[PDB]
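Visitor: Got a structure here, written out as structure tokens. Questions coming.
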There are 2 protein chains.
Amino acid sequence: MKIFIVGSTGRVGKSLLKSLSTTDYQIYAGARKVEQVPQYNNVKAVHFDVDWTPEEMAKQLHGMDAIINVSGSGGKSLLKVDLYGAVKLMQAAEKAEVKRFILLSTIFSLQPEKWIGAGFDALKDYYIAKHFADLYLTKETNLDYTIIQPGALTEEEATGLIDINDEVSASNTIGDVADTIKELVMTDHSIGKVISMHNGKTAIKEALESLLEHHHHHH
Amino acid sequence: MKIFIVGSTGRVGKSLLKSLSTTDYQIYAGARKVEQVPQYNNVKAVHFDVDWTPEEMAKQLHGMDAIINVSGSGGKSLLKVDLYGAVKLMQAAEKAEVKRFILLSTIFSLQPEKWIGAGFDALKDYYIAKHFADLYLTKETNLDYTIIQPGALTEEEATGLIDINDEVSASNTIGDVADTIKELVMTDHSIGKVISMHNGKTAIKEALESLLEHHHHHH
């Protein structure tokens with residue numbers, strides 16, 4: 001399918017482009033500076049700016065089959081990028097009539113009651129920004145969404161092994177986060193779902209398959 | 001009635017306490033440091049912290065007839081105070097079963113399409129924080145709310161004269177903002193309404209009265 005990536009030139013974005021480069025998808029990598037997009041045979045760089053309005057953004061999203069948001073500001077522009085930019089992209093997706101939307105968020109983003117201790121204290125502003133964007137996606141859109149909520153991101157080599165939905169905050173390699181997102185594209189039962197993850201013991205495909213047991217589709 | 005104030009020790013809060021000091025209301029002035037609350041015969045200082053959870057906040061709100069939020073961070077803690085703190089207070093009001101809620105926001109807070117030019121550019125982060133809190137109040141609560149949206153705040157002497165709902169961004173004295181909020185407490189037809197203001201030509205009471213002409217109550 002045709003997949004549009006926002007956050008293409010960030011660390012997770014670059015890993016995701018690498019991950020998607022070996023698929024049959026046509027990838028459209030949004031970037032403020034198109035020349036900064038890493039080159040792959042199935043990747044086309046598209047001018048895209050998080051500071052744009054939803055209508056400006058929507059111009060680039062026509063005919064896409066899915067949109068993946070892996071855009072962050074490294075904590076340096078939380079209101080503009082991680083919150084407002086993310087929400088404007090959701091508004092843009094709806095304007096462009098693109099239903100499938102995958103958002104990279106963070107462990108416990110919708111559970112402020114679990115923002116406990118010095119680790120969450122240090123990331124409080126980040127948590128607030130991500131929280132409100134996730135509320136918007138889950139409450140104020142009609143998108144076929146999936147929110148993936150990893151723990152701390154590491155640059156260690158991908159293990160291929162994760163565990164999910166266990167209320168655990170633990171680290172995960174960026175490569176495994178990217179590969180999980182890649183698999184979520186092909187996981188229709190994850191539509192309307194919020195999924196937490198960390199590095200663990202279960203192959204990514206099998207881990208996501210294990211969600212079929214108790215997921216219910218809302219007619 | 002019994003009115004709880006959040007933001008009591010800030011500049012607008014102190015003006016609002018002065019304004020309310022000459023009413024028949026019983027004022028409960030929330031503050032992190034109770035000793036910082038200016039003293040008035042009808043004002044009781046109550047320990048209140050924006051960093052608290054909704055449930056912690058709700059403990060202080062029992063038996064209040066109205067809650068007024070005039071809390072800001074002077075642009076220094078927008079995610080924690082102007083957005084998250086404001087939203088937690090709304091959640092607290094509902095938990096405490098207090099219906100009447102008046103929020104100080106800002107001109108065009110719900111109209112991003114009017115955030116035009118260098119003035120709005122400089123206040124973009126503030127605008128984003130206020131925008132999302134206003135969306136929450138208007139879309140994700142069942143409160144009997146009023147949002148007042150003044151233009152730039154000045155410390156000039158109150159004129160008693162304003163104009164409202166004219167799509168104009170212009171300055172207003174803090175005293176006139178405080179006195180408008182005071183009048184809104186007694187203006188039941190402003191429930192469920194968003195009202196913009198600046199200094200102008202119309203006495204505050206008369207200006208608010210002029211809203212009866214076309215306001216509709218949603219049964």
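Following the order of the structure tokens, chains are lettered A, B, ..., residues in each are numbered from 1, and ligands are numbered from 1.
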Which residues are close to region 140-148 of chain B, i.e. within 6 Å by only C-alpha atoms, leaving aside same-chain residues fewer than 4 positions away? Reply as a ChimeraX atom specification.
Guide: /B:99-105,136,191-196
Visitor: Distance limit 10 Å, atoms considered: only C-alpha atoms. Which chain B residues sit that close to chain A? Return them as a compact mmCIF listing (two decimals) with C-alpha atoms, in the first residue's frame.
Guide:
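File written: out-v7.txt
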```txt
# COMPACT_ATOMS: atom_id res chain seq x y z
CA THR B 53 -4.20 15.25 40.93
CA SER B 77 5.24 26.35 32.57
CA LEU B 78 2.61 26.06 29.84
CA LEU B 79 2.16 22.29 29.69
CA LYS B 80 1.99 21.80 33.48
CA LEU B 83 -2.93 23.15 29.94
CA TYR B 84 -2.69 20.18 32.31
CA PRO B 112 -6.41 28.85 15.03
CA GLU B 113 -7.30 30.25 11.58
CA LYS B 124 2.23 30.44 19.78
CA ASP B 125 3.11 28.06 22.64
CA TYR B 126 0.72 29.92 24.97
CA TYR B 127 -1.99 29.72 22.29
CA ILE B 128 -1.54 25.97 21.85
CA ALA B 129 -1.77 25.33 25.61
CA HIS B 131 -6.46 26.03 22.82
CA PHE B 132 -6.32 22.46 24.09
CA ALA B 133 -7.65 23.37 27.55
CA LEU B 135 -11.27 22.19 23.64
CA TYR B 136 -11.34 20.01 26.75
CA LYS B 139 -15.95 19.05 24.34
CA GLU B 140 -14.89 16.75 27.19
```
Visitor: So how far away is CA of residue 134 (chain B) from CA of residue 162 (chain B), in Å?
Guide: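 Taking CA of residue 162 (chain B) and CA of residue 134 (chain B), their separation equals 22.4 Å.
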Visitor: Can you pull out every residue within 12 Å of residue 96 (chain B), counting only C-alpha atoms, but drop anything in the same chain fewer than 4 positions away, and send it as a PyMOL selection string?
Guide: chain B and resi 54-67+89-92+100+143
Visitor: Write the residues of the preceding selection, restricted to N, CA and C atoms, as a compact mmCIF listing (two decimals), in the first residue's frame.
Guide:
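Dumped to selection_32.txt:
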```
# COMPACT_ATOMS: atom_id res chain seq x y z
N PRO B 54 -6.51 15.49 40.07
CA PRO B 54 -7.91 15.90 40.19
C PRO B 54 -8.56 15.49 41.52
N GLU B 55 -8.26 14.28 42.01
CA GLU B 55 -8.83 13.81 43.28
C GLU B 55 -8.32 14.60 44.49
N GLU B 56 -7.03 14.94 44.49
CA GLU B 56 -6.46 15.80 45.53
C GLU B 56 -7.12 17.18 45.51
N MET B 57 -7.27 17.74 44.31
CA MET B 57 -7.91 19.04 44.14
C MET B 57 -9.36 19.02 44.61
N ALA B 58 -10.08 17.96 44.25
CA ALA B 58 -11.51 17.83 44.56
C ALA B 58 -11.80 17.94 46.06
N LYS B 59 -10.85 17.51 46.89
CA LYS B 59 -10.98 17.59 48.36
C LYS B 59 -11.22 19.02 48.84
N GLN B 60 -10.72 20.00 48.09
CA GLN B 60 -10.82 21.41 48.48
C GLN B 60 -12.05 22.10 47.91
N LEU B 61 -12.74 21.42 46.98
CA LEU B 61 -13.81 22.03 46.20
C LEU B 61 -15.22 21.65 46.67
N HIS B 62 -15.30 20.77 47.66
CA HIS B 62 -16.60 20.31 48.15
C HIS B 62 -17.43 21.48 48.66
N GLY B 63 -18.68 21.55 48.21
CA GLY B 63 -19.61 22.56 48.68
C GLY B 63 -19.46 23.94 48.06
N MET B 64 -18.58 24.06 47.06
CA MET B 64 -18.46 25.32 46.33
C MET B 64 -19.60 25.48 45.33
N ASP B 65 -20.01 26.72 45.11
CA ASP B 65 -21.07 27.02 44.15
C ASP B 65 -20.53 27.33 42.76
N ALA B 66 -19.29 27.79 42.70
CA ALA B 66 -18.65 28.11 41.43
C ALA B 66 -17.15 28.04 41.58
N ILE B 67 -16.48 27.75 40.47
CA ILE B 67 -15.02 27.73 40.42
C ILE B 67 -14.59 28.67 39.31
N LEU B 89 -8.19 20.66 36.91
CA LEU B 89 -9.17 21.41 37.69
C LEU B 89 -10.60 21.16 37.21
N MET B 90 -10.79 21.05 35.90
CA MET B 90 -12.10 20.71 35.34
C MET B 90 -12.53 19.32 35.80
N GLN B 91 -11.60 18.38 35.75
CA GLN B 91 -11.85 17.01 36.19
C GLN B 91 -12.20 17.00 37.69
N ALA B 92 -11.49 17.84 38.45
CA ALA B 92 -11.73 17.98 39.89
C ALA B 92 -13.11 18.55 40.19
N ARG B 100 -20.75 25.15 38.06
CA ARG B 100 -20.42 26.44 37.47
C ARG B 100 -18.91 26.66 37.41
N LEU B 143 -19.59 20.57 32.35
CA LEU B 143 -19.66 21.74 33.23
C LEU B 143 -20.55 22.86 32.68
```
